[PDB]
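1. quick one, what's the 3D model for this:
(chains A and B)
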There are 2 protein chains.
Amino acid sequence: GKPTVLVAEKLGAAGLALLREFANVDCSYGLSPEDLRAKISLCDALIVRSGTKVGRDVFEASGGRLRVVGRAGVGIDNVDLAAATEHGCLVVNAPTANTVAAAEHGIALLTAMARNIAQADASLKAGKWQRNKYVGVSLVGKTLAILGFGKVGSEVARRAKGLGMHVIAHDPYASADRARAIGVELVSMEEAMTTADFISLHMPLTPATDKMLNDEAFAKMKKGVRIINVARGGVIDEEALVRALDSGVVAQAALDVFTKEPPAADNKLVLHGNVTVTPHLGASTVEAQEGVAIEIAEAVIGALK
Amino acid sequence: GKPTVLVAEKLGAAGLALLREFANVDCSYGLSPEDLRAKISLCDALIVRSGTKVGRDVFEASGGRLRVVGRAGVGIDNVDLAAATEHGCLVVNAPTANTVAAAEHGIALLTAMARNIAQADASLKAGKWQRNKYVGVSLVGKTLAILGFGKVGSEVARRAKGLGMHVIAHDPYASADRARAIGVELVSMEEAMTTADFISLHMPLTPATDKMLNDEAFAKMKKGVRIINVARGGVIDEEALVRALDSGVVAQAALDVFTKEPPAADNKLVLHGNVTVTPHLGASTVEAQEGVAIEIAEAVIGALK
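-> Numbering: from 1, shown residues only, chains lettered A, B, ... in the order given. Okay, here it is:
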């Protein structure tokens, strides 16, 4: 009746001040596998965002006590979730506030990839002024294709049919009901490769869809198609987007996630004209700061009853 | 039988093909006010986008014959209509194809400003990596006050409520039915200064509005308000936008249009962290390139009946 929780990484003071109301809080951020292993032993719950090595060894190390683990935010594959339920351990994540701030930061990438809000604000801050150089295109009647109709890339579609596009998605595991409701149509894979002016990636990087965007799939697309990637940057074979952009098969690209974050400074899509990159800012809104902080706080507490 | 039309400025290729169908077409782009005067004398129609030396002096030089003159684009005040009024001249503009893709490039300035898509893509192409500097804001439950419920600001409300915002607009001239129809509430002026998380300018620069936004104006606003000017930059007393972006009353500002274009290099709004400046790109989309070209072509062809 004074439970105890390890905060492994920095966390929103909205949240922490909840936990300090129903627990004891260890805010020892960033701990070597050792400090964790020695700490885990003595604490009923652990909370982590995509950065703490949680896996078999951390699980064994605790021996009872550790009843529930809270992952802060988007992904989950942080934790070896197999050992979780195995050593009888609960696993709760925080995905409502980080989906918003995600589907938001993609809309912001698509609209601003289309009008060159970057390279223009570049040349004008750089003393230049070439209106003929940075002439946008028009996300209205333009078919947008979405790969991975998850929670993110559906709250994207929700938004893009508000901008007025004809939006389609492709994911075998998406209920034709929830897609037809939000206003989307569910269509085949090559119907989404070909017939698209805008492409929005939302596929989990697995050995099943890795390097999917190679050079066999760039030819299928309509030439001049535009790509926005905000969910697992490995799914693109980056050295073919380096080449469909230079050649002209892909018109423009706007990438938030990468194969290796941070990509080396030579990295050819990071340094390029038709690209507009942000450094996994996907969920970086001050409202999903407080929002994920509070919602795990509320999750942990619930499962730690 | 064989009417005749002067094209003063470069005009879209589709429409020129339209004009050569029902006229002779002299595309004499960039005429000295003197050549204009001598030419106007012999032609039934003159067409001109934002930026041609038309006025009383040109009106008189033509002495009849010049029935109609078309402003290739949104603007209708490019010239002294008072003399066309006075000279039996007709006056036709392009009030639609440039309408859409201005509302568009408006939105895209709001969204790319919120998530710092410019200042971010910049420093990553600049070999930095600071996921913590370029932290956004979440345009969702947020109030967007649209100053001026023209055909521009309306169709920005259209998109903005689709990103899911609370949009109010204030222009004493828009029937509240045309407002409540698209889903927007009309309210007062100070209920737009004070309650706005986002302020979109769509005021034409009536003298009355020249330097409206001044330090009195900025003090009224909620601190943290973001200002997307995409209409006519004279309305902002730039020396004070600079001192609320600096002093932190204005959060960020996305500016497409300026007091004087192309501005002084050293212009503090042009060169500023919290400002995203594109250069009057408000129209530069190829669906309004061809779109305006063909609509005023259409517009003159009729007025020339």
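
2. what does the stretch 51-200 of chain A have sitting close to chain B?
-> Counting by Cβ under 8 Å from any Cβ of the partner chain, the positions of the stretch 51-200 of chain A adjacent to chain B are A:100-101, A:104-105, A:107-109, A:111-112, A:114-118, A:120-122, A:124-125, A:127, A:129, A:131, A:134-140, A:158-159, A:161-164. C-beta here means a position set from N, CA and C on the backbone, and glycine is covered the same way.

3. show the buried residues in these.
-> A:100-101, A:104-105, A:107-109, A:111-112, A:114-118, A:120-122, A:124-125, A:129, A:131, A:134-140, A:158-159, A:161-164 (16 or more other Cβ atoms under 10 Å in any protein chain shown).

4. tell me, how many neighbours does residue A:60 end up with?
-> By other Cβ atoms under 10 Å in any protein chain shown, 12 other residues sit near residue A:60.

5. quick check: it touching residue A:84?
-> No: counting by Cβ atoms under 8 Å, residue A:60 does not reach residue A:84; the two are 11.9 Å apart.

6. need the contact list for residue A:54.
-> Counting by Cβ atoms under 8 Å, 6 or more residues apart in numbering or on different chains, residue A:54 touches A:46, A:48, A:69, A:78, A:79, A:80.

7. same check on residue A:49?
-> A:9, A:11, A:71, A:72, A:73, A:78, A:94, A:292.

8. so can I have a markdown table of these showing neighbour count?
-> Below are the contacts of residue A:49 laid out as a markdown table (neighbours: other Cβ atoms under 10 Å in any protein chain shown):
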| residue | neighbour count |
| --- | --- |
| A:9 | 15 |
| A:11 | 22 |
| A:71 | 25 |
| A:72 | 31 |
| A:73 | 25 |
| A:78 | 21 |
| A:94 | 25 |
| A:292 | 26 |
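
9. which of those fall in helices?
-> Per DSSP state H, helices hold the following members of the contacts of residue A:49: residue A:292.

10. pick out the most distant pair among the contacts of residue A:49.
-> A:11 and A:78 (14.6 Å; Cβ to Cβ).

11. can you pull up the most central residue in chain A?
-> Centroid check for chain A by Cα atoms, centre = their mean gives residue A:231 as the closest residue, at 4.1 Å.

12. got the contact list for it?
-> Counting by Cβ under 8 Å, 6+ apart, residue A:231 makes contact with A:102, A:148, A:150, A:152, A:153, A:201, A:202, A:203, A:204, A:257, A:282.

13. can you select the buried ones from these in ChimeraX?
-> The following ChimeraX line selects those of the contacts of residue A:231 that are buried, judged by 16+ other Cβ under 10 Å:
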select /A:102,148,150,152,153,201,202,203,257,282
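
14. so which of the contacts of residue A:231 comes closest to residue B:191?
-> After measuring the contacts of residue A:231 against residue B:191 - Cβ to Cβ - the closest member comes out as residue A:102, at 32.4 Å.

15. tell me what whichever strand or helix holds the closest one is packed against?
-> Under the criterion of DSSP states H and E, residue A:102 resides in helix A:97-114. Secondary-structure packing of helix A:97-114 (3 or more Cβ pairs under 8 Å, 6 or more residues apart in numbering or on different chains; DSSP states H and E): helix A:152-163, strand A:198-201, strand A:225-229, strand A:250-255, helix A:286-303, helix B:97-114, helix B:117-125.

16. the shortest one: partners in the sheet, and parallel or antiparallel?
-> Using DSSP bridges, the strands paired with strand A:198-201 are strand A:144-147 (parallel), strand A:225-229 (parallel).

17. alright, calling it a day.
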